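To begin, one chain is listed below as structure tokens, in the form deposited in one PDB entry.
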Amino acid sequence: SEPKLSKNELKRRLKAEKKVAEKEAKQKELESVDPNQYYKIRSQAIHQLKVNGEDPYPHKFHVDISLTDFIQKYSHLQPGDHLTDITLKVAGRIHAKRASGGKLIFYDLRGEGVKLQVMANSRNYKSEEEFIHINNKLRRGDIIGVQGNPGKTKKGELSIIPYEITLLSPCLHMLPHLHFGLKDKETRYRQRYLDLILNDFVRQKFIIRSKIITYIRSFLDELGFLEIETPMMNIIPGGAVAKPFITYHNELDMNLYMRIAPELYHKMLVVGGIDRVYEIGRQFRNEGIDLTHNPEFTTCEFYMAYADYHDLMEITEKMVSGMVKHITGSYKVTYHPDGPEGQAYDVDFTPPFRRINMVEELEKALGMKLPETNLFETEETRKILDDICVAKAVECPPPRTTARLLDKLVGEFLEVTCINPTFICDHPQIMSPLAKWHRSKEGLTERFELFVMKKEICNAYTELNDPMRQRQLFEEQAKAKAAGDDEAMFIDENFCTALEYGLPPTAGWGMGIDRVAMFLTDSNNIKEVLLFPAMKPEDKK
């Protein structure tokens, strides 16, 4: 092979040689697999069980009662009780095996989030020899089914005294002890099943997320909202700045672009004659990943005809307050943005949220008088904004446009104070298209953003139903995006036609499910609420 190999290889070789030499010189100075290879030993034991007729994978086990119902029903037993006239069948995973004797063993069946003891005594078993056989077969982590009578140990521990234990599914890997558990983030994310097995709060987090999604659906349906399914791929890239997920279709011999937002289809449906629509689904944005961003994410978006953002500002209040009260049981939650050892914030979700106007509050905070709302589009405003950003030690990467500088100032000043849920309303028209202009104050739009714990969770604005202005903004977007080529594919010509056919005054709303889940589960990472976060594979040999 390699001449003189590598000093390393050479080095590695000797140690081995030294290792085996010392090993033989020691053991013989005085085939069994080493105990650390639990997988091989367990696999060979299972294979031997298969060959001699004791197949460890039964097709069907009839469960009479769940563990939670068992605990609820038989928690009233006194110590030493034994209901010899009641027979029940339960099932679960073994988490402990305390052998107090040759004929008395204790198992800890953990399932459904609860624990039930199993005190196996050969005196109560059907016979001694099968008791020994089954207790020799069983290991920790094995899924087993237990048929027996309820009882309570002299200590006062509820348990099921088994008449017959059947192995349902053996475990071929070492199962970590619950006292240390699983604490490595990479291991927890790569093996979510092990995370659920060893950690109990993960199951509660996902139950909470499911409860969140159910509540929203129920509320909207009672209001009279219809659930819809819009396409997830389109043949048009669109004019959005967010980078899409490209895909190829061999039959159409073309590329298909993943959905960024279902807004256009919802508005077309409202044009069709469905006044109130909603959809909870996935959005795919080919962008960066951090604690509060994921490339694919679940959002709930609804559209309501004959409404403005003022009505949405009350509907959102009712939604959020009712959901928090229904799930957490109160209006005040505790959030740890930095972790269980960092500072804890008390977030109050009382019905009437705080409402602030961006321009006035920014003037109050920044300390000076920004230009009038009609003069933001002038380069003078851009210049004075740049001067203020430099003076206030705020950094904005280029380009230093008015929209980006204003967003940076808002994030730096108006956003460190949004601990409790707060509405920020009346954005400048430049920072936001697709929102109807403000009916009273010129130069502002008709949107609002709900911020909880300095993070945006909701986003709603009066939909622009003017075909001419919408077409102008779409063409400006396409001009900026295309940089040559043809805007033909950066302009939706069917949405414009629908708008020309006529859209009623509508209000659109959209909420991030994941972020709400993190806020209601005390999780500072979005991956804590995703069941299977995307992890690049670990190179292996």
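The term rigid core refers to the most C-alpha atoms you can superpose between the two forms while keeping them within 1.5 Å. Quick note: we count residues from 1 along the sequence shown, nothing fancier.
One more form of this protein should be noted, the form deposited in another entry, which is absent from this view; the next part is about it.
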Notebook entry, point to check: So which one of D69, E487, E54, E476 actually moves, Cα shift of 2 Å or more between this form and the one not shown once the core is superposed?
Noted result: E487
Margin query: When the rigid core is used for the superposition, does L291 move between this form and the one not shown (threshold: C-alpha shift of 2 Å or more)?
Written below: yes
Margin query: Quick one: with a 3 Å or larger change, is the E487 to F474 CA distance smaller or larger in the other entry? Answer closer or farther.
Written below: farther
Item checked: Residue pair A482, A261 - Cα distance in the other entry, closer or farther (3 Å or more) -> closer
